[PDB]
Structures are given as structure tokens and as C-alpha cells.
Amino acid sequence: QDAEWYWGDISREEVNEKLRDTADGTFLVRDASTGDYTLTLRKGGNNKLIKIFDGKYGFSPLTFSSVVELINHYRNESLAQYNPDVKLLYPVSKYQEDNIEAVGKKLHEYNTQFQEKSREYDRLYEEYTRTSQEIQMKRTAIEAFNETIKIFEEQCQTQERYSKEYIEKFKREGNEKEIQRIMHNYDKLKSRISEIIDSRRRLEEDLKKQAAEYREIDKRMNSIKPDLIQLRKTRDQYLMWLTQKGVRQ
């Protein structure tokens, strides 16, 4: 009950958060999710659940006076004697404001800061998602412009190839008014390729701008994501101390 590694009514999910990315040997004892205790040991990237079972305590032919005796024994001796293969190296200690009023006022403060920060983060995500969608749209339209420009250029190439002999013919025939018709159309064509090329160029600018805007949105999110996590842990730490400081069931 006074042991640092003993936590009480903490869930398997609470233990998981405590053991998340911990070194091999990291352990803590809690009450069984239902044999009244459960030891959790960090081994090979995983959390190993070992049941503590009489007048005696043990895992296996029980032979221990208390839970502290069973733990402290394996805290100095490798678990290899039971099965292999690591010692209970690092305990998760239940040890790291004066009044309920001071704690309560700090809780209200952190809970306000947290609700502010979580609403901001969510709005940054929607801004991020929309910028991501728009960048995708612009890249697709540039590809469509590339294909459109190719067609209008094939039309110039085709117009040139077909009119060459016809304009040679009309030059001889003194039909300058017909030459002026072929040229006026070809100019209408070239102006249009100029308009499309410019439109693609302007979109290429917009994309470079919005790509830089996405980069900054991602930067902003990467800075507030860690603060949001710690503020939530603090907020949750204060709720815990408030429950404990207050009258219990």
C-alpha cells in the first residue's frame, strides 16, 4: 500500500501509457482487472502481464510472505529462475498546491488553456486539410494545362504544315485577301496559346505560394502538438489531486 511501484485501481490502459516507450526492466503492480494483483513488466518492446497468486504469494507452488517480498526478491534477482530472464529494474513511482481551493483554481486555469489550445489545434488541422486538398487540385489542373498547351501547339504545327503550300499558291494568284484570312486565324490561335500558357504560369505561382503556406501550417502544428499533450497531462493531474483531496465514496 505504501510501496512506490504499487498503484491501485489503475486500468490496463493507464499502465500502457506509463510503460509507453520505457526501457526493459520498467515495472509496476496494480489490482487485477477482475488472484487479486497483476505485475506488468516491460520486455522486448512489450508489456508482460504476470499474475501474482494461499498464505503465500507467487506466480507459479507459492512461497512468499507479502507482495513486497515477491517484488523486492525479483528486484535484485533476474526473473530467469521462474522463466527465461530480466530483473525488475525500474519502478514506476507513484511519487513525482496546499488547499482544495488553490488546486481547484489551478484546474480551472489549465482546463481553460486546454480547451482554448485544443479548439485552435482542430482549426489548424481543418486549415491543413483544406490547403492539402487545394494543392492536390492545383497540381491536377497544371497537368491538365500541360496537356491542353500540347494540343494547341499541335494545332499550330498542323496549321503550318497544311497552309504552307496553299499560301505559296495564293501568293502567285494575287489573292492577298485569302492569305490575310489564314493569317488572322493563325494569330487567333497563337494569342490563345499565349493566354493558356499565362494561365498555367499564374497557377504555378499560386501553387508555390500555397505549398509554402502548407509548410508553415505543418510547422505551427508540430509546435503546438507537444504543448497540447503536456497541458492535457497537467489538466488530468489536477483532476486526480482534486478527487484525492475531496471526500471519497
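Take the two forms, superpose them, and find the largest set of C-alpha atoms that agree within 1.5 Å; that set is the rigid core. For every residue, the number given is its place in the sequence shown, counted from 1.
Choosing between 177 to 185 and 42 to 50, the greater Cα displacement from the shown form in 8 other deposited structures of this protein, fitted by the core, goes with 177 to 185. The rigid core fit leaves 97 to 105 as the farther-lying stretch in 8 other deposited structures of this protein, judged by Cα positions and set against 97 to 105 and 131 to 139. Going from residue 174 to residue 175, you skip over nothing: the modelled chain follows the deposited sequence without a break.
Deposited sequence between residue 53 and residue 54: 1 to 3 residues lack coordinates.
In this entry, 203 to 211 has the higher mean Cα B-factor, the comparison being between 203 to 211 and 188 to 196.
The deposited model assigns a higher average Cα B-factor to 67 to 75 than to the other stretch when 102 to 110 and 67 to 75 are compared. Comparing the listed residues 130, 169, 150, 139, the entry records the largest Cα B-factor for 169. The PDB entry assigns the greatest CA B-factor among 156, 88, 124, 144 to 88. Remark: residue 97 belongs to the highest third of its chain, ranked by C-alpha B-factor as recorded.
When the modelled residues of the chain are ordered by their C-alpha B factor, residue 222 lands in the lowest third. Sorting the modelled residues of the chain by their CA temperature factor places residue 62 in the highest third. For residue 228, the recorded CA temperature factor ranks within the lowest third of the chain's modelled residues. Among all modelled residues in this chain, the alpha-carbon of residue 165 has a temperature factor (C-alpha) in the highest third.
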